[PDB]
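Basis for what follows: all heavy atoms, side chains included, without hydrogens, waters or symmetry-related copies. A, B, ... follow the sequence lines: proteins, then strands. Residue 1 opens every chain.
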There are 2 protein chains.
Amino acid sequence: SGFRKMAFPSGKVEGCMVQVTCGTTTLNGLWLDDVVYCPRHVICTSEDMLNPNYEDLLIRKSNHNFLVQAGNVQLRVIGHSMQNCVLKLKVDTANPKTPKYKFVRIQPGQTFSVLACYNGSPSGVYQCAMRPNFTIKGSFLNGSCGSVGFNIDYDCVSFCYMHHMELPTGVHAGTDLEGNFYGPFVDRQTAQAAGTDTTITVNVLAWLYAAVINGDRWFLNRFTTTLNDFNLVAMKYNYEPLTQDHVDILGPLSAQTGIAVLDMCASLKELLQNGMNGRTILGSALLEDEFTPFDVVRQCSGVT
Amino acid sequence: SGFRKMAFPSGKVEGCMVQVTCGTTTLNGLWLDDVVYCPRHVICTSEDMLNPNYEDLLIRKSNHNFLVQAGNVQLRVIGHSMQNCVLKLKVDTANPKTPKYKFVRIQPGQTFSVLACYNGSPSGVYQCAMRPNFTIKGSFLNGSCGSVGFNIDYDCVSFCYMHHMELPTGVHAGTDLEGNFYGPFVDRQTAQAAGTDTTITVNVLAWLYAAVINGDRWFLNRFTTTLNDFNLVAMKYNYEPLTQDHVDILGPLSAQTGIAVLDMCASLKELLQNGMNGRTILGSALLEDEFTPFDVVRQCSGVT
Ligand SMILES: Cc1ccncc1NC(=O)Cc1cc(Cl)cc(NS(N)(=O)=O)c1
Ligand SMILES: Cc1ccncc1NC(=O)Cc1cc(Cl)cc(NS(N)(=O)=O)c1
C-alpha cells in the first residue's frame, strides 16, 4: 500500500565519501579501491573559473597539494591524473568499505539516487531523474560538488553521476564517473542555457500504472488511442514521443493490471487535454515523471 | 539551489536491520546493543490476528523459537520479553554496527525518514510525516513490518517509528520504539478508521519560505492577516490551527527572508481561497506539508 519517491539505501555510498581539498577549495570525493574521484574544478580559484586551462592549472599541482580526508583520517596521495572533467587521486590505501561497483553513463529519463554531501559528510538522500535536456533538478549548495548519483542492484552500486555545477537557472549539471558531462555543459563559469525540459512520457505512464495498483483509478476512461495519435498530443504538451520500445518496457505493468498500454495512453491524453480538475493521483496534483517502469515494478514488488 | 524531499542517509540504520522469524512469520527487527526490537505480531498466525491474546500466545514461545538472522549469520537468543506492542529479544552478541541512538516519541506534524525493509534487507529510504490523525502515508508491502522511522542529529540516530500495519484504507500505523502505537490503533486485524487527516499548517508555511529562498515567489502578495483571521481560513480548509508557538518556530525563516510570518500567512490564505491557477511551487501543484521548519533550515543551510 502507498507509493513514494524512494531512494536507494545510501550506506554503501556513505562509506565511499571523503573530503578533498586543493589550495583553498574543498569539495567531495568518491573513494573506491585505491582511487579518489572528484571534480577537476577542485584545482581552481574563483578567479580561474571564468576561463580555466585545466591542463596548465594542474601542472602547478603535485600529489602533496591534494588533501584527502576520510572521516577523521588523512589519505596519502601517491598519484594524480585528469580523465575528462574528473581528477583521479591514487591513494596508498584501498577503501575497506568499497562496495561491489560499476561506472555507468545513464540515458535521459533514467532515475537515480543522490547522496548530497558537504566536506565529505553525507547530509541527505533523494531520488531524481536525468532530464531530457541533461540537467538534474537536485538540491545542492556550495560544497556539494563531488556528491554522487547511483543505482543499486542487490549488492552492486552503479555510479552514474558526479555533481559539478549549478546553472544560472538553479538546475544542476554534472558528469558520469569517467568525467564526461551529461549534455553540452562545460566546467566553466559561463552562462549556459539548459534546453527544453520535456516530460518523460514512459515514466508518467509507469506512474499511472503505479496509481492503479495502489487504488487511484478515477482517471481510467472508456477510450483508447494509437501511438501516432498519442504522439500528436505528446508533441503539443512537450512530452517525449512514445516509441514501441517504451510500450514494451511497460509490458509487465500492463500484464499485472490488465490495462493495455494504449488504453493507459488514452487516459494520459485526456489528463493532458483536460487537466486533473482539482483532483490528485498518488498525492500529486501534477503528472509525475521521475519514476521509471523498473522503479514502479521494484517498489510495487519489494525488491531489496 | 533546488529543494527536494530529502531523507537522512540510511547507513547507520541499515547496519541495525535483521530478519526475525517466529514459526511461519518473518518480519524485520532492529538490533541495537544486545537487543533485537520487533513487532509482537511476529508470534501470530493469520488465524490469531483476528482477536489475539498476545500474553497467551507468547507463553507458547521460547527463546529458541525466535530465529534472528543478521545478514547471513544467526544470532543466539538468550531472553525475550514483551513491552507494549513490541518484543525485545535479548541476544548474546552486541551489534558492532550499533550507532549512537535514542528512542523518541514524535508529535504529529514531525517528519522522519523510513528505511523500508523486507527479510531484514533494506529496499529503500523515503521521507514522511506523522499525520495529525497518527497515521503515516508510507510505501509498505507484506514483510515490511518492523521497518523503522528515524531522524539523525550529527552522529546520533533518534528512532521514532516501527511499522506494524496497514489500515484498510492503505495508510500506515505503527508504534514508537517502546511499543506504544501512535494514535488509537491496535495490533489486531479489525477495521479501524483513521480520523480526519488535516494539513500541517506550520509545515506548509515553512515550505513557502523554502520556495521564496529558492526563487519561487509568484505567490507573495500585498496583504497581511492576523492569527485569528488566518485560523478562520485554516478551519474552513481542514488546516491545523496556527499558534504563536508555530510563529516562533518560523522565526529563523522569517529572519532569513525578511518576510513576516503573518505576511506569509496572508499568501497562504490567498492560495487556499484561490488555488494555484495552474501554477506550481517547488515542482508541486499542491501545498506541501511534509517539510518542518527545521527541515527547511537544515536543507537550505547544508547540515551534515
Ligand atoms: C554554488 C553551488 C550550488 C550547487 N551546486 C554547485 C555549486 N557550485 C558551483 O556551481 C560552482 C561552479 C562550478 C562551475 Cl564548473 C561553474 C560554475 N558556474 S556558475 N554557476 O554559472 O557560476 C560554478
Ligand atoms: C500487508 C501489509 C502491507 C503494509 N504494511 C503491513 C502489512 N501487513 C499487515 O498490515 C499485517 C497486519 C497486522 C496487523 Cl497488527 C493488523 C492487520 N489488519 S488489516 N490490515 O486490516 O488486515 C494486518
Do you know which of [options] has the most heavy-atom pairs under 4.5 Å to chain A?
options                      : result
B/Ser121, B/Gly2, B/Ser139   : B/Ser139
B/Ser284, B/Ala116, B/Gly124 : B/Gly124
B/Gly143, B/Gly11, B/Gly15   : B/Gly11
B/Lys12, B/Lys5, B/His172    : B/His172

[X] portion near chain A, given a 4.5 angstrom heavy-atom threshold:
X        : result
B/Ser301 : backbone
B/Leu286 : both
B/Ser113 : neither
B/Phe3   : backbone
B/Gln127 : backbone
B/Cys128 : both

Residue set satisfying side chain to side chain contact (heavy atoms under 4.5 Å, CB included) with A/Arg188, at least two apart, ordered chain then number -> A/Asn51, A/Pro52, A/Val186, A/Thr190
How long is the gap from OG on A/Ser1 to CG on B/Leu167, to the nearest 0.5 Å?
-> 9.0 Å
Looking at CD of A/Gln299 and OG of B/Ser123, how far apart are the two atoms once the value is rounded to the nearest 0.5 Å?
-> 8.5 Å
Starting from the C-alpha separation in whole Å, work towards a yes-or-no answer on side chain to side chain contact (heavy atoms under 4.5 Å, CB included) for B/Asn119 and A/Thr304.
-> CA-CA 9 Å; B/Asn119 297 101; A/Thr304 65; over 6 Å; no
Nearest heavy-atom approach of A/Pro122 to B/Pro9 is CB-CG, 3.7 Å
Polar side-chain atom of A/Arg4 near backbone of B/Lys137 as donor-acceptor pair, under 3.5 Å | yes
Do other residues, nucleotides or ligands put more than 12 heavy atoms under 6.0 Å from B/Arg217 CZ?
-> no
